[PDB]
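Have a look at the structure below, then the notes.
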Amino acid sequence: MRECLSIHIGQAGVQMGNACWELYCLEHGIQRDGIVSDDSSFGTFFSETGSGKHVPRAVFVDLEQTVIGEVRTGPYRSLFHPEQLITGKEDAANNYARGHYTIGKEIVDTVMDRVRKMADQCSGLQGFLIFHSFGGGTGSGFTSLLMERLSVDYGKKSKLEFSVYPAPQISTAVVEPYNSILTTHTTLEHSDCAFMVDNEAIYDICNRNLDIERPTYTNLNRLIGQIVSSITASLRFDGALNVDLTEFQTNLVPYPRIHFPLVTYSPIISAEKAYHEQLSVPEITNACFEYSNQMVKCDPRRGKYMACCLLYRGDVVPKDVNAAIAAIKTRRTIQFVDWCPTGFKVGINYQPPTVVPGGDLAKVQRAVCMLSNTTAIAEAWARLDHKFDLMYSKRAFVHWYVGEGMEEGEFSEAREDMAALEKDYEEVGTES
Amino acid sequence: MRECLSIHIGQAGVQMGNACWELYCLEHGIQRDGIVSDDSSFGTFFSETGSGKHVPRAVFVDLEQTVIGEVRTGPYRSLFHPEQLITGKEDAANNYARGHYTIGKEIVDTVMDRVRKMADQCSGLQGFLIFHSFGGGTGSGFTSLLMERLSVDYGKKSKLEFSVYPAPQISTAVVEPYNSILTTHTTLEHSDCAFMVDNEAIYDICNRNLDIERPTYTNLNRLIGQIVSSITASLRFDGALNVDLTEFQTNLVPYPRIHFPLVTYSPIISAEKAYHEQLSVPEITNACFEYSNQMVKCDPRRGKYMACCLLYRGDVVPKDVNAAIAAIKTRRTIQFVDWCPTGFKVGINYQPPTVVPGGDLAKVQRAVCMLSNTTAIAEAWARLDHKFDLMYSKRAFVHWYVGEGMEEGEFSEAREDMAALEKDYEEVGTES
Amino acid sequence: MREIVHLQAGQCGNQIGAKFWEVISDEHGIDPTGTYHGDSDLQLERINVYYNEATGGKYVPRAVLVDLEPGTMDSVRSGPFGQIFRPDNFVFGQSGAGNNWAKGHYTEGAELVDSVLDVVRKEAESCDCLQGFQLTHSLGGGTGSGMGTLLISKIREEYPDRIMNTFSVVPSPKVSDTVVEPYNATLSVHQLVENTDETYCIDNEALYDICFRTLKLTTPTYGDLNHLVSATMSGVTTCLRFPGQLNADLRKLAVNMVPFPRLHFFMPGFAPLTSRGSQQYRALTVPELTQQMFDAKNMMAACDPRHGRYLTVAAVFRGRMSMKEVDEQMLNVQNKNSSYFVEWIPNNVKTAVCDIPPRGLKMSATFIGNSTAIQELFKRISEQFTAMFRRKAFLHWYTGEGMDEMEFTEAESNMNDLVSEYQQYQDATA
Amino acid sequence: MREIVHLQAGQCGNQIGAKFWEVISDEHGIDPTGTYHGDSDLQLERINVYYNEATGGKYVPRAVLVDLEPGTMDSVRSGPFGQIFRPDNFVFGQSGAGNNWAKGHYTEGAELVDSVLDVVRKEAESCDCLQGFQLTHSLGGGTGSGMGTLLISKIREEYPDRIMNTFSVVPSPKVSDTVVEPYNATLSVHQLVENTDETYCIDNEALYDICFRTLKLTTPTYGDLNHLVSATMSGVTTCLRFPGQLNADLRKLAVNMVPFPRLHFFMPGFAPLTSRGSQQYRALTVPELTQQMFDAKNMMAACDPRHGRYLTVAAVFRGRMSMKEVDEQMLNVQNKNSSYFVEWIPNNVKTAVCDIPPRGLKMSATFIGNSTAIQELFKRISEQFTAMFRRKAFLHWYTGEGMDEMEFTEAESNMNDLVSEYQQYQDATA
Ligand SMILES: Nc1nc2c(ncn2[C@@H]2O[C@H](COP(=O)(O)OP(=O)(O)OP(=O)(O)O)[C@@H](O)[C@H]2O)c(=O)[nH]1
Ligand SMILES: Nc1nc2c(ncn2[C@@H]2O[C@H](COP(=O)(O)OP(=O)(O)OP(=O)(O)O)[C@@H](O)[C@H]2O)c(=O)[nH]1
Ligand SMILES: Nc1nc2c(ncn2[C@@H]2O[C@H](COP(=O)(O)OP(=O)(O)O)[C@@H](O)[C@H]2O)c(=O)[nH]1
Ligand SMILES: Nc1nc2c(ncn2[C@@H]2O[C@H](COP(=O)(O)OP(=O)(O)O)[C@@H](O)[C@H]2O)c(=O)[nH]1
Ligand SMILES: [Mg+2]
Ligand SMILES: [Mg+2]
């Protein structure tokens, strides 16, 4: 498949990006200096300079120099194009209004210029990849600007985004409920399907599945990088049942306003513990449908699955996949909504996951990534909305947003839009 | 035959398990590190990793880290799957209520999850093996939980359990009469046939038959391991008159509430004393029906035999077995209940017992294990019940059980259930 | 892992504590400076039971030392193992108690109790699974009696589910050390008779006898009696720290030893106890230890066990052992001492074995006995409290501190009930 | 790059400033002569945050030192880091204030304020992106209170968009240092309650307690308390200068900490704070730091936090760290301290982590708390201002300088509104 474009906005997105491109360079054998030295389809994410060099096709953006400064001084400094590392002067300070109205407006024009140049060199553009934090100043306000600009300027193209959905129990900021809803209202229409991941859920995986007692954001991004790699494996390798970028939205978006699938990955085992498990297709296939293995704290058993995409990767046999999927569908504890008799979208690629040196993930020749648009996320939305209205009833932090060029009316409109989204899940969750 | 599952609960069961799996590894030539290096039917008790390694199909469970910690630090540490060694935080403290209501409930869910995964890899499951102490906190309270869970979740499958029946004279704990009856009431319905063994009886064998003056629990487990090995010899080797796992309950359970056979083994001779005995089939066959050789202190002559299973092992000749059995049936001192004209269930396997290095048992090419459901155990039940009512008449230790979530009514109900069991033996012990 | 926090109050409390960590540290090979020098990995496998590890190759024993005057604690700091404890755990007052239960409970100790519980709470929070508490004190003492009971009530209220052990020195019958012991003991028993799960009664009179004849020690001192006491206290928790064929933790002993909630007073024992001259002429084997531990002369309690009966006995062995021998001797004791055990309890022995023995011995055993003979001990105190309180011999000191005379009579009655309940169960069904 | 300009006024202002650049220069490895001697390139990557580079291998801290008498500034010149500052920034008067807010604001400071702003304007023009201002002073002081408020109003008028931090020493409740503190504080709060975005209240009484018990310092001095204060002040801007997994700048803290515009008074904290003797017996890990920072005894404010509730808490960590551990402990604090946080704010913790720790420590954390307990502090001042002003105890000094008695009553009312607004939000929706 042809080119796919990547965008990294905010500290979470930027830090995820360097982990994602660490895998991409390792998978294609590209050195950290931008020269290939160990699969010719790497042009999907890289542009050849014409002099034995490859420039990653990403646009790292932030309103502060700190996070991008690390990239400029890191090992991958020579990799990225200098102009792609667009940076501002002052951070959004966790305020949505700043990243969307005041300071975001000053730097949005420069971002589009680079994005336009990236498109000019495209013989074919499947879509965009946008990495951001669902709750945060730059990752919620500036992303909405790009979504509006990209949709109107380009349109008719897939727009995949990865979001750090706020964990129900764990939270590292105070005004996240305000920030998450504001971006959801503005990004719901211009998005195609946003993959959601929690920090708490990955921590639990790193503690139960993996034997790591000292995890860090660096570990999480490395465990999130393979999620992105598997999703784009078809565009970069060959295998039966190829899944193009645009196929994800068609299969996983029954309705335009329900495009928030969750992410699961398997196997996830340490080097020592791998010796004691066969890791056959049924084992990993069953693991993907375990509450203990999903990367979103919402309980899958609390709702019903509407659509599921199984991107099998490695030395897998299609017959085993069909038998394994049949076993899942006959389970009574698992339940799929009646109006969708067929929910599984299988994808097989002949490229086992690459081993990241120094990582906490063991070498496996057979891995699978599951994307499931499940109604269980409706409970998470209600809890997030419950936080918002409780704060907004007293104007806990509204004055900061008001002074940054955002009218108080948007809070009411945004929550009502969220309320309708809750009703939409309720409507599709029952059948006669 | 296909897979059989093993469960080890409590200190007695866990310590027995490491002895049982020492024999299993030696019999099949599996090294203590989980790699075969000296009979391909070893899959009954082992699962192949697919990379030249074998994982024993057992689930070691306890509420304390001490006993399982020894296994994790022992030579067989690399053998067992790390997740199979399920352990709690605080021991049941010899209280049935703790192991069944308070602390047992917290860890029961995790145990079932592993048990479910073991079943998923089964092309055929004959039943379960549960090792526990008939009297003890974890070995009586937690086993009842598993029996209830396994029966309802799986059902329609054999459930064999080995129990350390409290010795009449020797006793290492004070509240055993309370503990033994409570588990008997809850495990009578969900069990198929529980093999019973005493510590005093094995000590007497180690002193009279063997020439060991310094026995230990380690010696007893080694002498109990061959009991389990012989019972499962048919499932792991070939020979005339194969005895499947489900055949034991059909032959040895005339009535649903009488499934408590006792265990006997022969020959049991030291290395030096073996040179002076021929050890022909009649000699070992007659030895199995000797009060001095049975592993339960109850006198066999004090009652009548109802059913008997003779699992001959080694280079035995079927003609000799038939003649030897005929000699037993014509004895007048031995008496079988009238309503069962046929009581002997013969089983022959072509695999002599393996020699355990450093053991107190001599090498014999011809061994036999006898399982006899005899009414003589009724006397033992009455003595155990006699201890219970004497204590319960004054509430000697009831307050500990009451405060651990167990109602006082269960004591009355459990004893009445035991009283009915005594009557059941009386009813089947006479004929017109 | 199962974990415990040790509390020591009063002069006897701290000194026995000091001679207790001098022995626990020896078993685990912990240097006085706190660094580990043990020769076996099996010692560190369960070090966390009594110690909270501090990064840097050192371990700190989670112990709380309480004393109203600083005299006893200052000496501990100057001891060989004084620097081992965390300085913050050393909590003390300024006005020491005048051997009056009132001052150590109501007036002086009330102000310092808040400080003590805060350290205790931090130690509990430092654990992953707290199993119980241990308190060392002396009933005749004022600080221990008064402050020990106050601490027991507070921690019990705060941690009702957790166990709590008490190794209490009990007044001797013949020679005393404080005039007003009868008042302190009765007041303290009134609190321990409902707040603690198991108590171990020790008397120096009995320990003096052991040294004189059993051990032929010409010039013993409290530096020596405490060593014997520490041996038994360490033995009770051998299972929590080292492996064995038949492990018995604190709770297991409590269930096997406490038939009724109020009858949780035991008399400890130890074996072998032989002099240096007698070491040649004795064989250290199971048959000999069993006789020594059930011998009335080896008991750490003044009351003669033969004057009563055993409700429950618990034997904790250590070292290389043979289970059948252990079973045989206990059976022999059951049959030989026919009238020494109650009929309404068919089995009276709870056996425990550990692989590792203590110090240089190749075999050890610890004796715990819930014998009915201890009624003669409270009865004697019951007579010594009545004779004094009959005419208010020393009550004007307790009254001046706030205690009302009514509390005194309730404790006497609560003491008479305990003796009556012991005599009640000494009967036979037939 | 984000940049800041530091202002120090009054005796407490300058001295804390002096003990602040003695620490910022240490983190960046800046020699007292101004030349860089750091061992890591990561220190110069963000040096410009506090320093304006001067060609020649030297750096000059853009700081403005204001004082009406030259006594306090003359000592700074003679200090180890006195020659580091630009001589032109040393702006001072001749007639020092007599601890009267009027003289430092209306009469004496009015003439010198023009001079101060000119240097401030040049420093701002020397920057590429000015982020905010920092002021160090003391509310009880006259120069700081009076001149500090005058400067804050002028710079706020000149730079409304920019932030401004204030580390104000607040009068202690028990022992004071100036007789007329109630007048100075109320007048100064009347200005800071509308002009500054975040203020950090510090009291020497609380700092004295920390040294006595938390740090076991027998003879502390202001050379030591200022070091503790400088640690917190440096910690607040760790993110502007060094990288981390979760960066939080001044503005990010302000939005996460200031729910309502007038409720911008915080109580700082720091951890670990252990004596030299206690260094052996403590493990420097995340679980221990979280308890210490939320401990009422580690607070740099006299008011007990437990008497109130937390609207917002911000934790700034430093050093090698584990995110999950940080998340765990904050969750435990949220659940354990159930009633210590308001219900109308589901999330109360704002976490920040930096890679580099301070000085030789391998781990540090800074605590910022917008707790409602601070109402008891203004209430006490509210009672001490009323009692004096009730009969004009010392008003004839302020009146003589031009201040009218009407301004006094408005500030009292504006102070009562602040306490009422704090009590208003201490309520619960259900
Ligand atoms: N998984 C993961 N999440 C991160 C990482 N870094 C930050 N986050 C998340 O980002 C959320 C807050 O938004 P940030 O991305 O940190 O802030 P930002 O995007 O830089 O926008 P600003 O408000 O201007 O700082 C936190 O709740 C984190 O969960 C990371 O490295 N990995
Ligand atoms: N034959 C044999 N019996 C044992 C062994 N270990 C313990 N027992 C028996 O177990 C009985 C007591 O119950 P245990 O199994 O020890 O206790 P448990 O199963 O761990 O349950 P808890 O009360 O929670 O400790 C004793 O009377 C012993 O006879 C062993 O290794 N071999
Ligand atoms: N075993 C032992 N007992 C002691 C020691 N010192 C004091 N005692 C006992 O403590 C009792 C006196 O109580 P004490 O604790 O000194 O009073 P307190 O200071 O108010 O708690 C006496 O009966 C002694 O038997 C000691 O070092 N070892
Ligand atoms: N924390 C701290 N406070 C101080 C220090 N020096 C003075 N103060 C405080 O400053 C107050 C006096 O005001 P001051 O600033 O000296 O008057 P000014 O010179 O006119 O500004 C007193 O209440 C002290 O508490 C110091 O070194 N550290
Ligand atoms: Mg940022
Ligand atoms: Mg146990």
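Protein chains in written order, with the entry's author numbering: chain b, 1 to 38, 45 to 438; chain a, 1 to 38, 45 to 438; chain A, 1 to 430; chain B, 1 to 430. Each residue gets a CB set at the ideal place from its N, CA and C atoms; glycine is no exception.
### Query
Under 7 Å Cβ-Cβ, which residues of chain b neighbour B:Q329?
In chain order: nothing, as chain b lies at least about 11 Å away.
### Query
Does any heavy atom of ligand 5 sit closer than 7 Å to the C-beta of B:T35?
no
### Query
With which residues is A:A254 paired in a DSSP beta bridge?
For A:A254, which the question treats as bridged, DSSP gives no partner whatsoever.
### Task
Would you decide whether b:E437 is buried or exposed? Buried here means 16 or more other CB atoms lie within 10 Å of its CB.
exposed
### Classification of b:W345 by the beta-carbon crowding that lies within 10 angstroms, buried from 16 upward
exposed
### Query
Who are the near neighbours of A:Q134 in its chain, counting only those whose CB is closer than 7 Å to its CB and skipping five residues on each side?
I4, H6, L7 and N165
### Task
With a threshold of 16 other CB atoms inside 10 Å of the CB of A:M406, please say whether the residue is buried or exposed.
exposed
### Message
Is b:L69 close to ligand 1? I mean its beta-carbon at under 7 Å from any heavy atom of the ligand.
### Response
yes
### Query
At a cut-off of 7 Å, is B:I16 close to ligand 4 when judged by its beta-carbon and the heavy atoms of the ligand?
yes
#### Entry: N- and C-terminal bounds of the beta strand (DSSP E) containing a:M202
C199 to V203
### Message
Is it the case that the region 248 to 265 of chain A contacts the region 280 to 291 of chain A, given that we only count it when at least three CB pairs across the two stretches are under 8 Å?
### Response
no
### Assigned secondary structure, a:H138 (DSSP; H/G/I helix, E/B strand, else coil)
strand
### Query
Any residues in the region 50 to 82 of chain A with a beta carbon nearer than 9 Å to a beta carbon of chain B? Which ones, in chain order?
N52, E53, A54, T55, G56, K58 and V60
### Query
With a cut-off of 8 Å, does the C-beta of A:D114 fall near any C-beta of chain B?
no
### Message
Looking at the secondary structure, which residues open and close the alpha helix (DSSP H) in which b:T193 lies?
### Response
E182 to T193
### Task
Answer yes or no: do b:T381 and b:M424 have a C-beta to C-beta separation smaller than 8 Å?
no
### Message
My parser needs the alpha helix (DSSP H) runs of 4 or more residues fully inside the region 299 to 344 of chain B; what are they?
### Response
323 to 336
#### Entry: Spatial neighbours of A:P32 in its chain, beta-carbon cut-off 8 Å, leaving aside the 5 residues before and after
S25, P80, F81, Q83 and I84
### Task
Kindly indicate if chain b contains any beta-carbon less than 8 Å away from that of B:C201.
no
### Task
Please confirm whether a:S236 and a:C375 have their CB atoms less than 8 Å apart.
yes
### Task
Would you please verify whether the beta carbon of A:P243 is less than 8 Å from any beta carbon of chain B?
no
### Message
Following a CB-centred definition, is a:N185 positioned closer than 7 Å to any heavy atom of ligand 6?
### Response
no
### Closer than 7 Å at the beta carbon, the chain A residues around B:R282
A54
### Task
On a CA-only basis, which of A:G56, A:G104 and A:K58 is nearest A:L68? Give me that one, please.
A:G104
### Task
Rounded to whole angstroms, what's the CA-CA distance from a:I109 to a:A103? Just pull it up for me.
9 Å
### Query
Do a:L247 and a:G353 have their CB atoms nearer than 8 Å?
yes
### Query
What's the gap between the Cα of a:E433 and the Cα of a:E167?
25 Å
### Where B:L192 falls, given that 16 or more other Cβ within 10 Å makes a residue buried
buried
### Query
Does any heavy atom of ligand 4 sit closer than 7 Å to the C-beta of B:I381?
no
### Under 8 Å from the C-beta of A:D88: neighbouring residues of chain B
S278 and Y281
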